[PDB]
Amino acid sequence: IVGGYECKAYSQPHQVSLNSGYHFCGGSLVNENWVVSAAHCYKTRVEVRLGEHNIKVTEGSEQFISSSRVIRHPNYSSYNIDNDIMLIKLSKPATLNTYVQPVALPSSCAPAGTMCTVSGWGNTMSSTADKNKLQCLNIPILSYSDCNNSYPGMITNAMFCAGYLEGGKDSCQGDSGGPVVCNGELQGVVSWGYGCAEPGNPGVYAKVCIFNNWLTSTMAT
Ligand SMILES: [Ca+2]
């Protein structure tokens, strides 16, 4: 997260860290047995770390749970990152508490201008922001017109832009797969963008609100 502020510890209880030796992507707990992330973060197996604030030190609220299933969206394509969404089933249910809580799926699609929160342990491009601690940032959803204008022909119906065309505030590598929450619902998944926080290059996110059926259907399994 570039240009944000440190999240208060456990203020984003749905935020999870996908770990394979080291943190490599974010994710969002949507129920005790399932986590939503980006398809490009895929691995046959991954360790889900919940209840994290500082990912380098044990703080007592962590729960490390190995995956039992990793399911990429059937229409995910690596050539353009279309349908960059994925579900991770936990081998054992997460124990919900004050530090670990699921985030609701969208009950509607958030329109342009809606303010959201994006968080993660990715690149901060800062010499003062402790990258080991969960970073927070508020970003508004941009219109499709702004999105396509920024990335001509690269935006599908499964993507939306959020952030500021002026630059300075954006998510970044390492935040990938992480949450974009607006009005208490998971509207997006950190996916891609040109560089980070660059003017005219806003962040692009998987549009969770058009995947409700696939998500619900898949979680029945
Ligand atoms: Ca920790």
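Residues numbered from 1 in each chain as written, not as in the entry; some residues may be left out. Heavy atoms only, no water.

Its PDB header names X-ray crystallography as the technique used to obtain the model and reports a resolution of 1.55 Å.

K.L.:
Would you mind showing me how to read the UniProt feature "domain: Peptidase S1" (unreviewed entry) in the protein chain here?
P.N.:
The feature "domain: Peptidase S1" (unreviewed entry), as annotated in UniProt, sits at residues 1-220 in this numbering. Secondary structure across residues 1-220 comprises 6% helix and 34% strand; the distance between its end C-alpha atoms is 33 Å. (UniProt positions renumbered as here; feature names shortened; annotations may be inferred. Helix = DSSP H or I, 4+ residues; strand = E, 2+ residues; numbered from the N terminus.)

K.L.:
What should I look at first to understand the state of the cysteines in this one?
P.N.:
Where two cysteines share a covalent bond between their sulfur atoms, that bond is called a disulfide. Taken as a whole and assessed by the stated rule, the structure comprises six disulfides. If the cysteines joined by disulfides in the protein chain are listed in sequence order, their pairing comes out as 1-6, 2-3, 4-12, 5-10, 7-8, 9-11. (Disulfide = S-S within 2.5 Å.)

K.L.:
Before we go on, may I ask you to explain the environment of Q101 in this structure?
P.N.:
With respect to the helices and strands, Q101 occurs in the loop between β7 (86-90) and β8 (115-120). Measuring from C-alpha to C-alpha, the distance between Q101 and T128 comes to 29 Å, with 27 residues separating the pair along the chain. Beyond its immediate chain neighbours, meaning those up to four positions away, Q101 contacts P13, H14, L29 and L96. At 2.8 Å, the side chain of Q101 forms a polar contact with the backbone oxygen of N97. (Contact = heavy atoms within 4.5 Å. Polar contact = N/O pair within 3.5 Å; in protein donor to acceptor, adjacent residues only side chain to side chain.)

K.L.:
Is there a simple way to think about the pairing of β7 in this case?
P.N.:
A regular strand places its side chains on the two faces of the sheet in alternate fashion. Burial within β7 is extensive, with four of its five residues counted as buried. Of the strand pairs in this sheet, strand β4 (residues 34-37) and β7 are connected by four bridges, and their pairing is antiparallel. For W34, the partnering residue across the bridge sits in β7 and is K89. (Buried < 20%, exposed > 50% of the residue type's maximum accessible area, 1.4 Å probe, protein only. Pairing = 2+ DSSP bridges.)

K.L.:
How do you make sense of the side chain of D175 when you look at a structure like this?
P.N.:
On the secondary structure map, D175 appears in the loop between β10 (159-162) and β11 (179-182). Lacking a salt bridge, the buried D175 has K131 as its closest oppositely charged neighbour, with an N-O distance of 9.5 Å. Not counting residues within four places of it along the chain, the set of residues in contact with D175 comprises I1, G26, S119, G120, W121, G122, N123 and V190. (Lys, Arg positive; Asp, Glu negative; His and termini not counted. Salt bridge = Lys/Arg side-chain N within 4 Å of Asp/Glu carboxyl O.)

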